[PDB]
Structure formats: C-alpha cells, structure tokens
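Letters A, B, ... are given to chains in the order of the sequence lines, protein chains preceding strands, and every chain is numbered from 1.
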Number of protein chains: 2
Amino acid sequence: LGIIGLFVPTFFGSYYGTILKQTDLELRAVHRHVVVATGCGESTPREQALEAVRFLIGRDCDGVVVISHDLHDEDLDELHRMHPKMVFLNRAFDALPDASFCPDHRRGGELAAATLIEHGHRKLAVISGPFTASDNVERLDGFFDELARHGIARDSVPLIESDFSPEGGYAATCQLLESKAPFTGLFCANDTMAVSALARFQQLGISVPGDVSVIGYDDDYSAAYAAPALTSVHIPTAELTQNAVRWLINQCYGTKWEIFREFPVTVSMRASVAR
Amino acid sequence: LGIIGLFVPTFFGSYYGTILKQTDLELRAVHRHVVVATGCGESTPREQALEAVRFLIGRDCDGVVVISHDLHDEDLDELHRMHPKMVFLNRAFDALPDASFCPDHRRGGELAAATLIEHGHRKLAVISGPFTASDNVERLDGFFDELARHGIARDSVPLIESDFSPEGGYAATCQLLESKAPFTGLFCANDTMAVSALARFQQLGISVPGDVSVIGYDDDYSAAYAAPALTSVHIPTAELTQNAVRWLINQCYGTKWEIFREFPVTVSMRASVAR
C-alpha cells in the first residue's frame with residue numbers, strides 16, 4: 001500500500017509532535033506516506049487505543065508504529081499477532097525485544113533527583129503521570145533509588161498522581177499546595193505538567209527558583225520558553241523514533257538502515273533550578 | 001481510496017494540533033483515514049508546501065485539506081486544477097469561494113486593539129507574523145483600523161516582523177526592547193510568540209501585566225497555562241476545520257452535512273492584560 005500507520009494518544013504536546021515529525025520524515029525519505037490515528041470516542045483511554053490501532057490494521061497499512069501508555073502488555077501481544085509488522089515506542093515488548101525502542105527512564109528519574117539533591121534540596125515533592133504507565137513507574141523508580149542513596153525514604157515524599165496533561169498538572173500542583181506538605185524542590189513527570197506548576201506558583205507569588213526549584217522531564221521545546229526557562233531531563237525522543245521507524249521500514253520496504261537503540265539521557269540546565 | 005490528505009506547515013503548536021485532531025475526527029466518523037504531510041527538505045517554506053501537497057495529490061487521496069500561509073494565491077489555483085477536490089483553511093480562494101474556510105481576522109485584530117485601548121494603553125507595540133501571510137495582514141489591518149479611530153497613526157507604532165515560531169517571538173521581543181521604543185501594551189500575532197515575549201519579560205524583571213500588558217491571538221490551549229495566564233483573541237479554529245472537512249467529505253463520500261461558515265471571534269480575558 002505504501003503507507004505506514006501511526007498511533008499517538010494525542011496530537012498535542014511537542015513530545016508527540018516530535019514523533020509525528022520524525023515518522024513523516026523517514027517515510028517521505030522513501031517516498032511513502034503516513035496515516036495517523038489518535039484516540040476518539042467515549043470509550044476508555046485504553047479501549048480508544050485498541051480501537052484506533054485495529055482501525056489502522058484494518059486499512060492494511062504495511063507497518064504500524066504505536067505509542068501508548070494506556071495499553072496493557074497483553075494488548076501489545078494481541079495487536080502484534082494481528083499485524084506482525086509493528087514497532088512500539090517508549091515501552092518494552094518482551095515477546096519480541098527489538099520491536100521495542102525505549103530510552104533509559106530509570107536513569108532519567110535518577111538524574112532528576114540528583115539535580116535537585118545536588119542543589120541542596122532535601123524536602124522534595126513529585127507530580128507524576130498515571131501509576132499504570134510503565135514509562136512513569138521506571139521514571140519514579142530511578143528517582144527514588146537516588147533519593148534512597150541519600151537517606152530519603154520514598155514514603156516521606158509527597159507524590160500526586162496525575163495524567164500528563166496541562167489541566168492535570170495544574171490540579172496536581174493545587175492539591176500539593178493545599179496539602180501544606182513542605183517542599184523546596186519539585187519533580188514533574190513531564191514538561192507539560194511542570195509548566196502548569198509554574199503557572200500556579202506564579203499566580204500565588206511563589207517564586208521559581210526563588211522559593212521552589214522545579215525540574216521537568218522530556219525537554220520538550222516548550223521548556224526553553226517557559227517562565228522561567230524550564231530545567232528538564234533530556235530524553236532522545238527524535239533519535240529513538242527515527243531508529244524505530246527505520247527499523248520498521250527495513251522490514252516493510254527492503255531498506256538497509258543500520259539501527260541504533262542506545263542514546264544518552266542528560267539534563268538540560270536552564271533557570272528553574274537553583275540552590 | 002478512502003483517504004483524505006492533509007497538509008500542515010508543522011505538527012507543533014496547539015493550533016495545528018487542533019486542525020489535525022478535527023480532521024482525524026470527522027474522517028474517523030465516516031470510517032476513513034487521514035494521511036498527513038508537512039514541509040520537509042532544504043527548499044523554501046513555499047516550495048516545501050508545493051512539494052508536500054503534490055506528494056499528497058500523487059497518492060490519489062480522495063480529497064486534500066490544505067493550510068499554509070507560505071503558498072501564494074497562484075499556487076492555490078495550480079494545486080486546485082491538479083486536484084479539484086480540495087479545501088483551503090485560513091485563507092481565501094476567489095476562484096471557488098466555498099472551498100475557503102476562514103475566520104474574520106480583521107475583526108480579530110480589531111478586538112486585540114480595543115482590549116488594549118479600553119485598558120488605557122496609548123503607546124502600543126506589535127510583534128507580527130510574516131508580512132506576506134494574508135491572515136496576518138488582515139489581522140494587522142483590523143488592529144490599525146481600531147487604532148486610527150482613536151487617533152493613533154499606524155506609522156508611530158513599533159512593529160517587528162516575525163515568523164510565528166517560539167524562537168521568532170523571542171528574538172522579536174528582544175529586538176523591541178533593544179530599540180528602546182516606549183510601549184505599555186503589546187500585541188502578538190499568535191499565542192506562541194506571545195508566550196516567548198512573556199519569557200523575555202520574566203528574564204528581565206518586566207512584570208506582566210504590571211509594567212506591560214500582553215495580548216495574544218488564537219487562544220491556543222497553551223495560553224490558559226502561561227505565566228501569567230495569557231489574554232488572547234479567540235479564533236474558532238475547531239469549528240471552521242470541522243466544517244471545512246465536512247464540506248470536503250460531502251463532495252468526496254456523499255455525506256449530507258449542513259455546512260456553516262460564520263463563527264464569532266471573541267476575547268478570552270485572562271491575566272496578562274491590566275489597566
């Protein structure tokens with residue numbers, strides 16, 4: 001058919017924009033197209049992804065690129081037997097490992113904690129994504145491993161579960177401030193929620209990095225222009241996507257790209273974190 | 001083929017995300033798909049759009065949705081004779097008017113000026129998009145018509161031409177501050193550049209709305225979470241897209257949607273504008 005299908009949970013956020021751009025790019029390079037699909041309807045986030053991916057498979061896309069933290073591992077196996085030419089981004093796929101392209105989130109969380117701790121912060125707080133998102137769980141695991149090495153118990157750290165969205169981050173920041181739990185450093189599971197945190201703090205006169213140091217995750221390109229410029233853990237999303245899509249193109253169209261799966265995660269130091 | 005093609009100059013910005021979402025939505029509703037294409041390569045923005053649209057037409061999409069402010073009117077006519085089943089968003093198409101779905105940008109600019117003027121601002125400044133973008137020219141025209149009604153000459157207002165991007169807005173704000181031109185109120189052609197302006201002002205201790213009142217355009221959903229919450233001119237992008245795509249679906253697949261082309265533009269008052 002000359003088309004590869006692509007599922008993303010939403011078109012918003014520079015993170016998903018990056019995935020869309022790179023997929024379109026690699027396909028254009030081989031003179032082929034991309035059909036995009038996102039969650040629609042009144043079903044649950046999970047079922048919305050199942051229906052969307054099945055909709056792509058039904059169109060007979062030569063290959064399907066999939067990213068979703070709402071799908072359960074068992075769903076990945078089902079979708080894969082329905083269409084063996086698939087690649088999964090940001091999550092593992094044990095039945096067929098190289099069909100999975102995922103950065104080192106454990107290391108990512110570790111760096112977030114180290115940034116804060118190295119700046120003298122001992123009382124920290126966290127606003128995360130859904131507890132059922134594996135990319136989030138490993139992100140937090142790494143964060144708390146680093147905290148443990150410094151004598152800080154996971155159980156003593158205020159943690160608000162959220163959904164990675166702008167409104168979710170805003171509500172989570174409010175819930176945190178309302179709890180009265182003390183904290184001088186805040187870790188947000190993604191830049192989107194971090195920006196909303198900066199929004200609330202500004203509304204209440206809570207200075208950043210003055211009174212609170214905030215660090216995000218992803219290093220989406222909305223961060224450099226946050227107020228103040230958002231310090232964020234840099235995830236190699238463009239590179240992993242480029243390689244995930246190239247791997248798929250090899251299987252589908254006979255290209256011979258060399259595939260790389262290891263990229264470093266670093267911290268983009270800006271102005272939201274201070275001593 | 002059961003596919004409609006869609007060209008957007010970029011996947012970034014909630015404005016384009018809205019267009020992508022609504023297009024995907026209306027097509028899913030009729031059990032069909034969308035192939036997306038954006039500008040790629042080292043050609044000029046204009047030629048990148050010409051090549052991308054021709055790439056969609058070459059795949060024999062049943063219909064093609066196109067939005068670009070880099071294309072010249074003559075390009076719209078050429079692309080249209082290559083594929084008569086096309087719809088154009090955010091710009092006019094004189095040869096075939098109902099193939100064009102565009103909000104009232106003149107009125108939009110007018111409201112931006114009135115908001116500022118009604119808040120007592122007499123010394124204003126503007127950061128616009130490219131002068132060659134028709135949606136921008138009418139936006140500015142309306143802005144300056146309102147200023148003229150208040151005894152303010154277009155020629156006395158600092159105007160920095162930019163490109164609608166985050167980095168462009170940042171650079172334009174810097175150029176403005178460096179010029180030393182006085183101003184207490186700033187109008188940004190789009191929320192993206194407005195957010196970058198808020199970024200610069202925060203870096204220099206220039207309070208908003210304290211020292212400078214800032215108003216954006218689009219009312220993209222990144223505005224409510226800007227710091228401070230960005231007051232913006234609300235453009236009915238979701239509605240026009242929904243109707244533009246429905247109109248196209250009628251012509252392509254036999255649906256019988258009633259089509260509406262008139263939606264009001266209003267101002268979303270938040271916290272970036274004060275007396």
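- None of B/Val214, B/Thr173, B/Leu186 except one satisfies the side chain to side chain contact (heavy atoms under 4.5 Å, CB included) rule with B/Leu198; the exception is B/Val214.
- Here the closest non-hydrogen pair linking B/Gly216 and B/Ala194 is CA-CB, 4.1 Å.
- When side chains are defined from C-beta on, B/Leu177 counts as touching B/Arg200, because their heavy atoms get closer than 4.5 Å.
- When all heavy atoms are compared, the tightest approach of B/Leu1 to B/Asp62 is N-OD1, 3.1 Å.
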Does the pair B/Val87 and B/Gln251 meet the rule for a side-chain contact (heavy atoms from CB on, under 4.5 Å), with working shown?
CA-CA 10 Å; B/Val87 66; B/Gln251 328 293 302; over 6 Å; no

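- Side chain of B/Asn243 to backbone of B/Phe260: a donor-acceptor contact under 3.5 angstrom is found.
- Remark: the backbone N or O of B/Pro166 is paired with a side-chain donor or acceptor of B/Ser196 at under 3.5 angstrom.
- Residue A/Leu89 holds its CG atom at 10.0 Å from OH of A/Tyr16, rounded to the nearest 0.5 Å.
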Can you list the steps and then say if B/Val35 with B/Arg59 is a side-chain contact (heavy atoms from CB on, under 4.5 Å)?
CA-CA 10 Å; B/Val35 162; B/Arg59 189 58 191 74; 5.8 Å; no

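- Using a cut-off of 4.0 Å between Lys/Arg side-chain N and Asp/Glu carboxylate O, B/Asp75 and B/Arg54 are scored as not salt-bridged.
- Rounded to the nearest 0.5 Å, atoms OG (B/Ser162) and CD (B/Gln175) are 9.0 Å apart.
- The shortest heavy-atom contact between A/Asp218 and A/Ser232 is N-OG, 3.6 Å.
- A/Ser268 has its side chain within reach of A/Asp219: a pair of non-hydrogen atoms, C-beta onward, lies under 4.5 Å apart.
- A/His69 places no side-chain N or O within donor-acceptor distance of the main-chain N or O of A/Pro9, the cut-off being under 3.5 Å.
- In this structure, B/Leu20 and A/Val36 have side chains that are not in contact, with every pair of non-hydrogen atoms separated by 4.5 Å or more.
- For the pair B/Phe164 and B/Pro130, the minimum side-chain heavy-atom distance is below 4.5 Å.
- A salt bridge does not link B/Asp77 to B/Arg81: none of the charged nitrogens lies less than 4.0 Å from a carboxylate oxygen.
- For the pair B/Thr255 (side chain) and B/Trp257 (backbone), a donor-acceptor distance under 3.5 Å is absent.
- Centroid-to-centroid, the aromatic rings of B/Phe183 and B/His121 stay 6.0 Å apart or farther.
- Side chains of B/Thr18 and A/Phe12 form a contact here, defined as non-hydrogen atoms less than 4.5 Å apart.
- Ion pairing between B/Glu74 and B/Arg46 holds under the 4.0 Å rule for side-chain N and carboxylate O.
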So B/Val157 and B/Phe187, side-chain contact (heavy atoms from CB on, under 4.5 Å) or not? Walk me through it.
CA-CA 11 Å; B/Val157 176; B/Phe187 171 43; over 6 Å; no

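- The aromatic rings of B/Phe101 and B/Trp247 are tilted relative to each other, their planes meeting at an angle between 30° and 60°.
- B/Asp24 and A/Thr38 share no side-chain donor-acceptor pair at under 3.5 Å.
- Summarising the local packing, CZ of A/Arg28 is surrounded by more than 12 heavy atoms from other residues, nucleotides or ligands at distances under 6.0 Å.
- If you look at B/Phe55 and A/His31, their ring centroids are not closer than 6.0 Å.
- Nearest heavy atom pair, residue B/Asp211 against residue B/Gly205, reads OD2-O, 4.1 Å.
- Proximity of a side-chain donor or acceptor of A/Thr231 to a complementary backbone N or O of A/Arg270 within less than 3.5 Å is detected.
- In this structure, A/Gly39 and A/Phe7 approach most closely via the heavy-atom pair N-CE1, 3.7 Å.
- For B/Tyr221, the OH atom is loosely surrounded, since the number of other residues' heavy atoms within 6.0 Å does not exceed 12.
- In this structure, a donor-acceptor pair under 3.5 Å is absent between the side chains of B/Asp141 and B/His105.
- Residues B/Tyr15 and B/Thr192 fail the side-chain proximity criterion, which asks for heavy atoms closer than 4.5 Å.
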Should B/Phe93 and B/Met86 be marked as a side-chain contact (heavy atoms from CB on, under 4.5 Å) after you check the CA-CA gap, both sets of side-chain angles, and the distance that decides it?
CA-CA 11 Å; B/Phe93 189 57; B/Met86 283 183 81; over 6 Å; no

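- Shortest non-hydrogen contact noted between B/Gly210 and B/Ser207 is CA-OG, 3.3 Å.
- A side-chain donor-acceptor contact under 3.5 Å links B/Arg91 to the backbone of B/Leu71.
- Judged by distance alone, the side chain of B/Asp191 and the main-chain N or O of B/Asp220 form a donor-acceptor pair under 3.5 Å.
- B/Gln22 contributes atom CD, which lies 8.5 Å from atom CD of B/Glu239 (distance to the nearest 0.5 angstrom).
- Side-chain atoms of B/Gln48 come within 3.5 Å of backbone N or O of B/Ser43 as a donor-acceptor pair.
- For the residue pair A/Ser165 / A/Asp163, a side-chain donor-acceptor distance below 3.5 Å is found, with atom types taken as modelled.
- Here the side chains of A/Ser68 and A/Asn90 are not in contact, with every heavy-atom distance at 4.5 Å or above.
- By the 4.5 Å heavy-atom criterion applied to side chains, A/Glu26 and A/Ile4 are not counted as neighbours.
- Here the side chain of B/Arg139 pairs no donor or acceptor atom with the backbone of B/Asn190 at under 3.5 angstrom.
- Of the inter-residue distances, the one linking B/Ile3 atom CD1 with B/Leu56 atom CG reads 11.5 Å to the nearest 0.5 angstrom.
- B/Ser272 places no side-chain N or O within 3.5 Å of a backbone atom of B/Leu230 that could act as its donor or acceptor partner.
- Here the CZ atom belonging to B/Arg106 is positioned 9.0 Å from the CD atom belonging to B/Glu110, to the nearest 0.5 angstrom.
- Screening A/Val245, A/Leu27, A/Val65 against A/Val34 for a side chain to side chain contact (heavy atoms under 4.5 Å, CB included) leaves a single residue, A/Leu27.
- To the nearest 0.5 angstrom, B/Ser128 atom OG is 6.5 Å from B/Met193 atom CE.
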